[PDB]
$ cat protein19.pdb   # PDB, C-alpha atoms and all ligand atoms
ATOM      1  CA  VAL A   1      13.893 -13.045  -3.860
ATOM      2  CA  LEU A   2      13.344 -12.777  -0.130
ATOM      3  CA  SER A   3      14.959 -15.131   2.343
ATOM      4  CA  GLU A   4      12.889 -16.785   5.023
ATOM      5  CA  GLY A   5      14.532 -14.336   7.499
ATOM      6  CA  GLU A   6      13.471 -11.413   5.355
ATOM      7  CA  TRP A   7       9.872 -12.661   5.216
ATOM      8  CA  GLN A   8       9.894 -13.053   9.040
ATOM      9  CA  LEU A   9      10.970  -9.413   9.414
ATOM     10  CA  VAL A  10       8.185  -8.322   7.023
ATOM     11  CA  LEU A  11       5.639 -10.210   8.950
ATOM     12  CA  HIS A  12       6.996  -9.076  12.367
ATOM     13  CA  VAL A  13       6.556  -5.435  11.307
ATOM     14  CA  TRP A  14       3.131  -6.179   9.768
ATOM     15  CA  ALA A  15       1.866  -7.603  13.093
ATOM     16  CA  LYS A  16       2.486  -4.141  14.476
ATOM     17  CA  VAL A  17       0.386  -2.537  11.734
ATOM     18  CA  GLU A  18      -2.327  -4.967  12.627
ATOM     19  CA  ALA A  19      -2.663  -3.548  16.103
ATOM     20  CA  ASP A  20      -4.255  -0.461  14.514
ATOM     21  CA  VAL A  21      -4.882  -0.871  10.845
ATOM     22  CA  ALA A  22      -7.101   2.189  10.426
ATOM     23  CA  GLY A  23      -4.668   4.478  12.189
ATOM     24  CA  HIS A  24      -1.677   3.307  10.190
ATOM     25  CA  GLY A  25      -3.808   3.501   7.016
ATOM     26  CA  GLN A  26      -4.922   7.081   7.664
ATOM     27  CA  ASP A  27      -1.320   8.106   8.180
ATOM     28  CA  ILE A  28      -0.186   6.338   5.018
ATOM     29  CA  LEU A  29      -2.806   8.108   2.878
ATOM     30  CA  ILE A  30      -2.149  11.507   4.409
ATOM     31  CA  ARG A  31       1.567  11.034   3.764
ATOM     32  CA  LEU A  32       0.893   9.915   0.168
ATOM     33  CA  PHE A  33      -1.372  12.847  -0.575
ATOM     34  CA  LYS A  34       1.013  15.377   1.102
ATOM     35  CA  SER A  35       4.055  14.016  -0.748
ATOM     36  CA  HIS A  36       2.340  13.422  -4.089
ATOM     37  CA  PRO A  37      -0.800  15.543  -4.343
ATOM     38  CA  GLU A  38      -1.447  14.227  -7.921
ATOM     39  CA  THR A  39      -2.503  10.912  -6.291
ATOM     40  CA  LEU A  40      -5.386  12.553  -4.525
ATOM     41  CA  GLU A  41      -7.013  13.258  -7.876
ATOM     42  CA  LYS A  42      -7.704   9.551  -8.315
ATOM     43  CA  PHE A  43     -10.186   9.577  -5.361
ATOM     44  CA  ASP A  44     -13.489  11.149  -6.414
ATOM     45  CA  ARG A  45     -14.651  11.650  -2.835
ATOM     46  CA  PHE A  46     -11.468  12.112  -0.885
ATOM     47  CA  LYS A  47     -10.223  14.932  -3.078
ATOM     48  CA  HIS A  48     -12.785  17.232  -1.546
ATOM     49  CA  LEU A  49     -11.409  16.639   1.989
ATOM     50  CA  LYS A  50      -9.537  19.924   2.637
ATOM     51  CA  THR A  51      -7.327  19.232   5.655
ATOM     52  CA  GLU A  52      -5.504  16.407   7.460
ATOM     53  CA  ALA A  53      -8.166  16.582  10.142
ATOM     54  CA  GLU A  54     -11.052  16.168   7.602
ATOM     55  CA  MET A  55      -9.161  13.163   6.247
ATOM     56  CA  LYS A  56      -8.859  11.618   9.737
ATOM     57  CA  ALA A  57     -12.540  12.274  10.446
ATOM     58  CA  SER A  58     -13.759  10.580   7.270
ATOM     59  CA  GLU A  59     -15.292   7.255   8.089
ATOM     60  CA  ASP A  60     -15.407   6.506   4.284
ATOM     61  CA  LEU A  61     -11.628   6.987   4.033
ATOM     62  CA  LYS A  62     -10.985   4.902   7.183
ATOM     63  CA  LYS A  63     -13.175   2.012   5.938
ATOM     64  CA  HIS A  64     -11.512   2.155   2.545
ATOM     65  CA  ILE A  65      -7.948   2.134   3.865
ATOM     66  CA  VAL A  66      -8.617  -0.798   6.115
ATOM     67  CA  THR A  67      -9.872  -2.735   3.047
ATOM     68  CA  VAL A  68      -6.670  -1.748   1.268
ATOM     69  CA  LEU A  69      -4.286  -2.731   4.044
ATOM     70  CA  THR A  70      -6.250  -6.021   4.598
ATOM     71  CA  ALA A  71      -5.589  -6.873   0.910
ATOM     72  CA  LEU A  72      -1.902  -5.875   1.271
ATOM     73  CA  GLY A  73      -1.538  -7.906   4.544
ATOM     74  CA  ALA A  74      -3.027 -11.009   2.747
ATOM     75  CA  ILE A  75      -0.573 -10.642  -0.052
ATOM     76  CA  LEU A  76       2.414 -10.214   2.288
ATOM     77  CA  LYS A  77       1.454 -13.263   4.336
ATOM     78  CA  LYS A  78       1.717 -15.380   1.155
ATOM     79  CA  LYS A  79       5.490 -14.714   1.104
ATOM     80  CA  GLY A  80       5.539 -14.091  -2.678
ATOM     81  CA  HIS A  81       3.049 -16.879  -3.529
ATOM     82  CA  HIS A  82       0.437 -14.247  -4.218
ATOM     83  CA  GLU A  83      -0.709 -14.553  -7.895
ATOM     84  CA  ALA A  84      -4.273 -15.426  -6.989
ATOM     85  CA  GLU A  85      -4.570 -12.400  -4.676
ATOM     86  CA  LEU A  86      -2.811 -10.005  -7.089
ATOM     87  CA  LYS A  87      -4.835 -10.898 -10.171
ATOM     88  CA  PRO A  88      -8.056  -9.149  -9.160
ATOM     89  CA  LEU A  89      -6.247  -6.159  -7.725
ATOM     90  CA  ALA A  90      -4.211  -5.664 -10.899
ATOM     91  CA  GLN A  91      -7.390  -5.974 -12.921
ATOM     92  CA  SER A  92      -9.283  -3.244 -11.032
ATOM     93  CA  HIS A  93      -6.214  -0.895 -10.735
ATOM     94  CA  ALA A  94      -5.294  -1.167 -14.445
ATOM     95  CA  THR A  95      -8.798  -1.202 -15.897
ATOM     96  CA  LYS A  96     -10.976   0.895 -13.544
ATOM     97  CA  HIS A  97      -8.873   3.071 -11.182
ATOM     98  CA  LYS A  98      -6.044   3.591 -13.677
ATOM     99  CA  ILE A  99      -3.178   3.621 -11.225
ATOM    100  CA  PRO A 100       0.297   3.813 -12.726
ATOM    101  CA  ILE A 101       3.149   1.824 -11.268
ATOM    102  CA  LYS A 102       4.893   5.032 -10.186
ATOM    103  CA  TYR A 103       1.893   5.710  -7.853
ATOM    104  CA  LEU A 104       2.413   2.229  -6.304
ATOM    105  CA  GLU A 105       6.027   3.371  -5.738
ATOM    106  CA  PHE A 106       4.734   6.527  -4.025
ATOM    107  CA  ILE A 107       2.473   4.550  -1.716
ATOM    108  CA  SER A 108       5.326   2.118  -0.970
ATOM    109  CA  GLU A 109       7.408   5.053   0.148
ATOM    110  CA  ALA A 110       4.580   6.276   2.402
ATOM    111  CA  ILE A 111       4.194   2.838   3.953
ATOM    112  CA  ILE A 112       7.880   2.688   4.769
ATOM    113  CA  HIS A 113       7.763   6.262   6.154
ATOM    114  CA  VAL A 114       4.820   5.571   8.420
ATOM    115  CA  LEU A 115       6.189   2.185   9.666
ATOM    116  CA  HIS A 116       9.537   3.844  10.488
ATOM    117  CA  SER A 117       7.750   6.712  12.246
ATOM    118  CA  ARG A 118       5.658   4.471  14.444
ATOM    119  CA  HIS A 119       7.997   1.523  14.989
ATOM    120  CA  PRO A 120      11.565   2.618  14.666
ATOM    121  CA  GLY A 121      12.810  -0.001  17.206
ATOM    122  CA  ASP A 122      11.182  -2.826  15.213
ATOM    123  CA  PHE A 123      12.019  -1.230  11.846
ATOM    124  CA  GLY A 124      15.735  -0.747  11.325
ATOM    125  CA  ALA A 125      17.810  -1.141   8.153
ATOM    126  CA  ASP A 126      17.350  -4.949   7.855
ATOM    127  CA  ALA A 127      13.590  -4.675   8.311
ATOM    128  CA  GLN A 128      13.300  -1.720   6.020
ATOM    129  CA  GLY A 129      15.291  -3.682   3.433
ATOM    130  CA  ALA A 130      13.022  -6.722   3.685
ATOM    131  CA  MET A 131       9.836  -4.625   3.437
ATOM    132  CA  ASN A 132      11.261  -2.728   0.540
ATOM    133  CA  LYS A 133      11.947  -6.067  -1.227
ATOM    134  CA  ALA A 134       8.471  -7.350  -0.441
ATOM    135  CA  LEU A 135       6.788  -4.175  -1.772
ATOM    136  CA  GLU A 136       9.092  -4.272  -4.883
ATOM    137  CA  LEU A 137       8.049  -7.881  -5.529
ATOM    138  CA  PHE A 138       4.370  -6.814  -5.288
ATOM    139  CA  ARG A 139       4.928  -3.938  -7.749
ATOM    140  CA  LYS A 140       6.926  -6.029 -10.236
ATOM    141  CA  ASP A 141       4.232  -8.632 -10.290
ATOM    142  CA  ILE A 142       1.387  -6.092 -10.584
ATOM    143  CA  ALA A 143       3.405  -4.417 -13.412
ATOM    144  CA  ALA A 144       3.534  -7.754 -15.307
ATOM    145  CA  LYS A 145      -0.167  -8.188 -14.956
ATOM    146  CA  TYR A 146      -0.764  -4.629 -16.152
ATOM    147  CA  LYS A 147       1.118  -5.491 -19.335
ATOM    148  CA  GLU A 148      -0.881  -8.705 -19.840
ATOM    149  CA  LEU A 149      -4.039  -6.586 -19.599
ATOM    150  CA  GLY A 150      -2.663  -4.101 -22.107
ATOM    151  CA  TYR A 151      -1.914  -1.304 -19.629
ATOM    152  CA  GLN A 152       1.207   0.925 -19.827
TER     153      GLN A 152
HETATM  154  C1  LIG B   1      -0.493  -1.145  -1.742
HETATM  155  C2  LIG B   1      -1.001  -0.780  -2.904
HETATM  156  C3  LIG B   1      -2.516  -0.869  -3.006
HETATM  157  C4  LIG B   1      -3.396  -1.855  -2.608
HETATM  158  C5  LIG B   1      -3.156  -3.166  -1.790
HETATM  159  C6  LIG B   1      -4.691  -1.352  -3.048
HETATM  160  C7  LIG B   1      -5.845  -2.032  -2.740
HETATM  161  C8  LIG B   1      -7.121  -1.653  -3.023
HETATM  162  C9  LIG B   1      -8.290  -2.422  -2.776
HETATM  163  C10 LIG B   1      -8.378  -3.769  -1.998
HETATM  164  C11 LIG B   1      -9.343  -1.704  -3.203
HETATM  165  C12 LIG B   1     -10.833  -2.057  -3.285
HETATM  166  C13 LIG B   1     -11.060  -3.062  -4.401
HETATM  167  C14 LIG B   1     -10.626  -2.651  -5.770
HETATM  168  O1  LIG B   1     -11.325  -1.810  -6.338
HETATM  169  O2  LIG B   1      -9.643  -3.235  -6.281
HETATM  170  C15 LIG B   1      -8.789  -0.512  -3.865
HETATM  171  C16 LIG B   1      -9.554   0.470  -4.482
HETATM  172  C17 LIG B   1      -9.081   1.715  -4.946
HETATM  173  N1  LIG B   1      -7.757   1.908  -5.098
HETATM  174 FE1  LIG B   1      -6.129   0.851  -4.465
HETATM  175  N2  LIG B   1      -4.575  -0.154  -3.715
HETATM  176  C18 LIG B   1      -3.239   0.110  -3.747
HETATM  177  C19 LIG B   1      -2.759   1.278  -4.314
HETATM  178  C20 LIG B   1      -3.552   2.295  -4.798
HETATM  179  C21 LIG B   1      -3.008   3.588  -5.194
HETATM  180  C22 LIG B   1      -1.521   3.936  -5.092
HETATM  181  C23 LIG B   1      -3.999   4.352  -5.598
HETATM  182  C24 LIG B   1      -3.986   5.787  -6.097
HETATM  183  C25 LIG B   1      -2.980   6.670  -6.167
HETATM  184  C26 LIG B   1      -5.189   3.521  -5.574
HETATM  185  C27 LIG B   1      -6.491   3.954  -5.886
HETATM  186  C28 LIG B   1      -7.587   3.219  -5.642
HETATM  187  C29 LIG B   1      -8.898   3.785  -5.928
HETATM  188  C30 LIG B   1      -9.137   5.154  -6.567
HETATM  189  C31 LIG B   1      -9.861   2.732  -5.527
HETATM  190  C32 LIG B   1     -11.400   2.754  -5.536
HETATM  191  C33 LIG B   1     -11.845   3.467  -4.301
HETATM  192  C34 LIG B   1     -13.351   3.565  -4.330
HETATM  193  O3  LIG B   1     -13.802   4.553  -4.918
HETATM  194  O4  LIG B   1     -14.107   2.719  -3.717
HETATM  195  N3  LIG B   1      -4.923   2.270  -5.040
HETATM  196  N4  LIG B   1      -7.390  -0.553  -3.711
END
$ encode --input "protein19.pdb" --output "structure tokens" --more "lines below"
Ligand code: HEM
Amino acid sequence: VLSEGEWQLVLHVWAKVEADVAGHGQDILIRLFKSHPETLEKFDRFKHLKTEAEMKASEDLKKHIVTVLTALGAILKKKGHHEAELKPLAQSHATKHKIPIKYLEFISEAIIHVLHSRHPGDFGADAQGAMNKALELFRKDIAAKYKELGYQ
């Protein structure tokens, strides 16, 4: 569903994220929790962080978000050939964290927002399109695994 050119744009933009994973991650979470405060309730520790500055000062949050974006980066670099990487993630997010697909849509929106904020010259319509397709492919495939595990 993505062309080789689309995957190159995805990966071009992701190399930029990789220059500061923690900083992009912090911004993505803050944007998620500002836009969709219900999502914060899924994080037993982070939900007690009262302000954007407390969130940026949390080493726990920073460590966590780097783990998250490392997993996302690994999946993107597979250019759709990501079943083996998705399987465990679907398993923990369906069975333990209980994350609905619409919250993966919310975080997808925050990713696009933060990448456009930081890298507008390397993130125009074609690049936004390709990342949107790549994040949609990730969610569709996670959604299929959710069903196989018996989660709604
Ligand atoms: C790009 C989409 C996401 C990716 C790549 C991702 C990735 C990860 C990874 C690698 C971990 C640690 C291992 C694990 O338990 O599976 C994790 C844990 C976690 N994830 Fe996600 N996640 C995504 C979306 C979300 C969303 C949208 C939420 C909530 C609204 C969520 C909530 C959690 C929670 C609550 C944990 C456990 C944190 C802890 O207490 O240690 N995840 N995620």
$ closest_residue --input "protein19.pdb" --among "A:128, A:60, A:96, A:50" --to "residue A:111" --atoms "all atoms listed in the file"
A:128
$ closest_atom_pairs --input "protein19.pdb" --of "chain A" --to "ligand LIG 1 (chain B)" --cutoff "9 Å" --atoms "all atoms listed in the file" --output "JSON lines"
{"residue": "A:32", "atom": "CA", "partner": "B:LIG1", "partner_atom": "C25", "distance": 8.1}
{"residue": "A:33", "atom": "CA", "partner": "B:LIG1", "partner_atom": "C25", "distance": 8.5}
{"residue": "A:36", "atom": "CA", "partner": "B:LIG1", "partner_atom": "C25", "distance": 8.8}
{"residue": "A:38", "atom": "CA", "partner": "B:LIG1", "partner_atom": "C25", "distance": 7.9}
{"residue": "A:39", "atom": "CA", "partner": "B:LIG1", "partner_atom": "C25", "distance": 4.3}
{"residue": "A:40", "atom": "CA", "partner": "B:LIG1", "partner_atom": "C25", "distance": 6.6}
{"residue": "A:41", "atom": "CA", "partner": "B:LIG1", "partner_atom": "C25", "distance": 7.9}
{"residue": "A:42", "atom": "CA", "partner": "B:LIG1", "partner_atom": "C30", "distance": 4.9}
{"residue": "A:43", "atom": "CA", "partner": "B:LIG1", "partner_atom": "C30", "distance": 4.7}
{"residue": "A:44", "atom": "CA", "partner": "B:LIG1", "partner_atom": "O3", "distance": 6.8}
{"residue": "A:45", "atom": "CA", "partner": "B:LIG1", "partner_atom": "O3", "distance": 7.4}
{"residue": "A:46", "atom": "CA", "partner": "B:LIG1", "partner_atom": "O3", "distance": 8.9}
{"residue": "A:60", "atom": "CA", "partner": "B:LIG1", "partner_atom": "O4", "distance": 8.9}
{"residue": "A:64", "atom": "CA", "partner": "B:LIG1", "partner_atom": "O4", "distance": 6.8}
{"residue": "A:65", "atom": "CA", "partner": "B:LIG1", "partner_atom": "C8", "distance": 7.9}
{"residue": "A:66", "atom": "CA", "partner": "B:LIG1", "partner_atom": "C10", "distance": 8.6}
{"residue": "A:67", "atom": "CA", "partner": "B:LIG1", "partner_atom": "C10", "distance": 5.4}
{"residue": "A:68", "atom": "CA", "partner": "B:LIG1", "partner_atom": "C7", "distance": 4.1}
{"residue": "A:69", "atom": "CA", "partner": "B:LIG1", "partner_atom": "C5", "distance": 6.0}
{"residue": "A:70", "atom": "CA", "partner": "B:LIG1", "partner_atom": "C10", "distance": 7.3}
{"residue": "A:71", "atom": "CA", "partner": "B:LIG1", "partner_atom": "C10", "distance": 5.1}
{"residue": "A:72", "atom": "CA", "partner": "B:LIG1", "partner_atom": "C5", "distance": 4.3}
{"residue": "A:73", "atom": "CA", "partner": "B:LIG1", "partner_atom": "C5", "distance": 8.1}
{"residue": "A:75", "atom": "CA", "partner": "B:LIG1", "partner_atom": "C5", "distance": 8.1}
{"residue": "A:86", "atom": "CA", "partner": "B:LIG1", "partner_atom": "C5", "distance": 8.7}
{"residue": "A:88", "atom": "CA", "partner": "B:LIG1", "partner_atom": "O2", "distance": 6.8}
{"residue": "A:89", "atom": "CA", "partner": "B:LIG1", "partner_atom": "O2", "distance": 4.7}
{"residue": "A:90", "atom": "CA", "partner": "B:LIG1", "partner_atom": "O2", "distance": 7.5}
{"residue": "A:91", "atom": "CA", "partner": "B:LIG1", "partner_atom": "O2", "distance": 7.5}
{"residue": "A:92", "atom": "CA", "partner": "B:LIG1", "partner_atom": "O2", "distance": 4.8}
{"residue": "A:93", "atom": "CA", "partner": "B:LIG1", "partner_atom": "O2", "distance": 6.1}
{"residue": "A:96", "atom": "CA", "partner": "B:LIG1", "partner_atom": "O1", "distance": 7.7}
{"residue": "A:97", "atom": "CA", "partner": "B:LIG1", "partner_atom": "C30", "distance": 5.1}
{"residue": "A:98", "atom": "CA", "partner": "B:LIG1", "partner_atom": "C27", "distance": 7.8}
{"residue": "A:99", "atom": "CA", "partner": "B:LIG1", "partner_atom": "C24", "distance": 5.6}
{"residue": "A:100", "atom": "CA", "partner": "B:LIG1", "partner_atom": "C22", "distance": 7.8}
{"residue": "A:101", "atom": "CA", "partner": "B:LIG1", "partner_atom": "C22", "distance": 8.0}
{"residue": "A:102", "atom": "CA", "partner": "B:LIG1", "partner_atom": "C22", "distance": 8.3}
{"residue": "A:103", "atom": "CA", "partner": "B:LIG1", "partner_atom": "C22", "distance": 4.7}
{"residue": "A:104", "atom": "CA", "partner": "B:LIG1", "partner_atom": "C22", "distance": 4.5}
{"residue": "A:105", "atom": "CA", "partner": "B:LIG1", "partner_atom": "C22", "distance": 7.6}
{"residue": "A:106", "atom": "CA", "partner": "B:LIG1", "partner_atom": "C22", "distance": 6.9}
{"residue": "A:107", "atom": "CA", "partner": "B:LIG1", "partner_atom": "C22", "distance": 5.3}
{"residue": "A:108", "atom": "CA", "partner": "B:LIG1", "partner_atom": "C1", "distance": 6.7}
{"residue": "A:111", "atom": "CA", "partner": "B:LIG1", "partner_atom": "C1", "distance": 8.4}
{"residue": "A:135", "atom": "CA", "partner": "B:LIG1", "partner_atom": "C1", "distance": 7.9}
{"residue": "A:138", "atom": "CA", "partner": "B:LIG1", "partner_atom": "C1", "distance": 8.3}
{"residue": "A:139", "atom": "CA", "partner": "B:LIG1", "partner_atom": "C2", "distance": 8.3}
$ atom_distance --input "protein19.pdb" --atom1 "atom CA of residue A:147" --atom2 "atom CA of residue A:95"
11.3 Å
$ residues_around --input "protein19.pdb" --residues "residue A:53" --least-positions-apart "6" --cutoff "12 Å" --atoms "only C-alpha atoms" --output "PDB file with C-alpha atoms, in the frame of the given file"
ATOM      1  CA  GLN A  26      -4.922   7.081   7.664  1.00  0.00           C
ATOM      2  CA  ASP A  27      -1.320   8.106   8.180  1.00  0.00           C
ATOM      3  CA  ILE A  30      -2.149  11.507   4.409  1.00  0.00           C
ATOM      4  CA  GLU A  59     -15.292   7.255   8.089  1.00  0.00           C
ATOM      5  CA  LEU A  61     -11.628   6.987   4.033  1.00  0.00           C
TER       6      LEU A  61
END
$ axis_aligned_box --input "protein19.pdb" --around "stretch 106-116 of chain A" --padding-each-side "5 Å" --output "AutoDock Vina command-line options"
--center_x 6.0 --center_y 4.3 --center_z 3.2 --size_x 17.1 --size_y 14.4 --size_z 24.5
$ decode --input "protein19.pdb" --residues "stretch 4-33 of chain A" --atoms "N, CA and C atoms" --output "mmCIF file, in the first residue's frame"
data_model
loop_
_atom_site.group_PDB
_atom_site.id
_atom_site.type_symbol
_atom_site.label_atom_id
_atom_site.label_comp_id
_atom_site.auth_asym_id
_atom_site.auth_seq_id
_atom_site.Cartn_x
_atom_site.Cartn_y
_atom_site.Cartn_z
ATOM 1 N N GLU A 4 7.572 2.563 -3.057
ATOM 2 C CA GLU A 4 8.949 2.687 -2.570
ATOM 3 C C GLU A 4 9.256 4.167 -2.283
ATOM 4 N N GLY A 5 8.787 5.078 -3.150
ATOM 5 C CA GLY A 5 8.961 6.525 -2.870
ATOM 6 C C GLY A 5 8.311 7.003 -1.585
ATOM 7 N N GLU A 6 7.132 6.465 -1.302
ATOM 8 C CA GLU A 6 6.463 6.781 -0.048
ATOM 9 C C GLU A 6 7.255 6.259 1.119
ATOM 10 N N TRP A 7 7.750 5.025 1.029
ATOM 11 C CA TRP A 7 8.570 4.523 2.186
ATOM 12 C C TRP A 7 9.855 5.356 2.368
ATOM 13 N N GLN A 8 10.459 5.817 1.260
ATOM 14 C CA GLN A 8 11.655 6.679 1.401
ATOM 15 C C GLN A 8 11.300 7.984 2.109
ATOM 16 N N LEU A 9 10.135 8.573 1.845
ATOM 17 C CA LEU A 9 9.775 9.796 2.536
ATOM 18 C C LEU A 9 9.557 9.537 4.038
ATOM 19 N N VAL A 10 8.896 8.413 4.349
ATOM 20 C CA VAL A 10 8.718 8.013 5.756
ATOM 21 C C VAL A 10 10.023 7.925 6.475
ATOM 22 N N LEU A 11 10.921 7.210 5.839
ATOM 23 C CA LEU A 11 12.215 7.008 6.479
ATOM 24 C C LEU A 11 13.113 8.254 6.501
ATOM 25 N N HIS A 12 12.954 9.159 5.530
ATOM 26 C CA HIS A 12 13.679 10.437 5.532
ATOM 27 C C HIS A 12 13.240 11.233 6.771
ATOM 28 N N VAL A 13 11.910 11.339 7.004
ATOM 29 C CA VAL A 13 11.395 12.096 8.102
ATOM 30 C C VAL A 13 11.823 11.401 9.414
ATOM 31 N N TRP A 14 11.796 10.059 9.437
ATOM 32 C CA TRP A 14 12.124 9.362 10.680
ATOM 33 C C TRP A 14 13.577 9.557 11.049
ATOM 34 N N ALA A 15 14.476 9.740 10.084
ATOM 35 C CA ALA A 15 15.889 10.026 10.426
ATOM 36 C C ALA A 15 16.009 11.305 11.189
ATOM 37 N N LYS A 16 15.051 12.229 10.989
ATOM 38 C CA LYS A 16 15.066 13.492 11.686
ATOM 39 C C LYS A 16 14.641 13.290 13.131
ATOM 40 N N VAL A 17 13.651 12.428 13.333
ATOM 41 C CA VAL A 17 13.194 12.088 14.691
ATOM 42 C C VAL A 17 14.336 11.511 15.451
ATOM 43 N N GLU A 18 15.106 10.670 14.783
ATOM 44 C CA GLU A 18 16.229 9.998 15.389
ATOM 45 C C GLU A 18 17.338 10.856 15.882
ATOM 46 N N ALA A 19 17.434 12.074 15.384
ATOM 47 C CA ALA A 19 18.377 13.041 15.970
ATOM 48 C C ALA A 19 18.058 13.434 17.418
ATOM 49 N N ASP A 20 16.787 13.336 17.839
ATOM 50 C CA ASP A 20 16.470 13.564 19.237
ATOM 51 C C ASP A 20 15.198 12.797 19.563
ATOM 52 N N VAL A 21 15.347 11.520 19.815
ATOM 53 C CA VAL A 21 14.148 10.738 20.037
ATOM 54 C C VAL A 21 13.398 11.210 21.277
ATOM 55 N N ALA A 22 14.105 11.465 22.381
ATOM 56 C CA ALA A 22 13.430 11.753 23.632
ATOM 57 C C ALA A 22 12.678 13.023 23.464
ATOM 58 N N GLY A 23 13.291 14.030 22.823
ATOM 59 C CA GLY A 23 12.612 15.320 22.701
ATOM 60 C C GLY A 23 11.368 15.245 21.817
ATOM 61 N N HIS A 24 11.461 14.543 20.669
ATOM 62 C CA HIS A 24 10.266 14.353 19.896
ATOM 63 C C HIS A 24 9.210 13.579 20.683
ATOM 64 N N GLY A 25 9.657 12.543 21.426
ATOM 65 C CA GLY A 25 8.728 11.701 22.188
ATOM 66 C C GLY A 25 7.991 12.536 23.233
ATOM 67 N N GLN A 26 8.738 13.339 24.006
ATOM 68 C CA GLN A 26 8.081 14.149 25.027
ATOM 69 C C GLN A 26 7.003 15.019 24.415
ATOM 70 N N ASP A 27 7.312 15.611 23.256
ATOM 71 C CA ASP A 27 6.363 16.494 22.610
ATOM 72 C C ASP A 27 5.137 15.746 22.104
ATOM 73 N N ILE A 28 5.361 14.539 21.641
ATOM 74 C CA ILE A 28 4.250 13.704 21.140
ATOM 75 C C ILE A 28 3.280 13.350 22.283
ATOM 76 N N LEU A 29 3.835 12.914 23.421
ATOM 77 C CA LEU A 29 2.997 12.603 24.575
ATOM 78 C C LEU A 29 2.269 13.820 25.110
ATOM 79 N N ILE A 30 2.993 14.938 25.290
ATOM 80 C CA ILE A 30 2.300 16.133 25.748
ATOM 81 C C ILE A 30 1.176 16.504 24.817
ATOM 82 N N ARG A 31 1.400 16.397 23.496
ATOM 83 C CA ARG A 31 0.334 16.763 22.555
ATOM 84 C C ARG A 31 -0.825 15.794 22.669
ATOM 85 N N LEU A 32 -0.538 14.487 22.777
ATOM 86 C CA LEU A 32 -1.584 13.481 22.982
ATOM 87 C C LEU A 32 -2.422 13.771 24.209
ATOM 88 N N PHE A 33 -1.733 14.078 25.316
ATOM 89 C CA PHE A 33 -2.469 14.186 26.587
ATOM 90 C C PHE A 33 -3.212 15.501 26.649
#
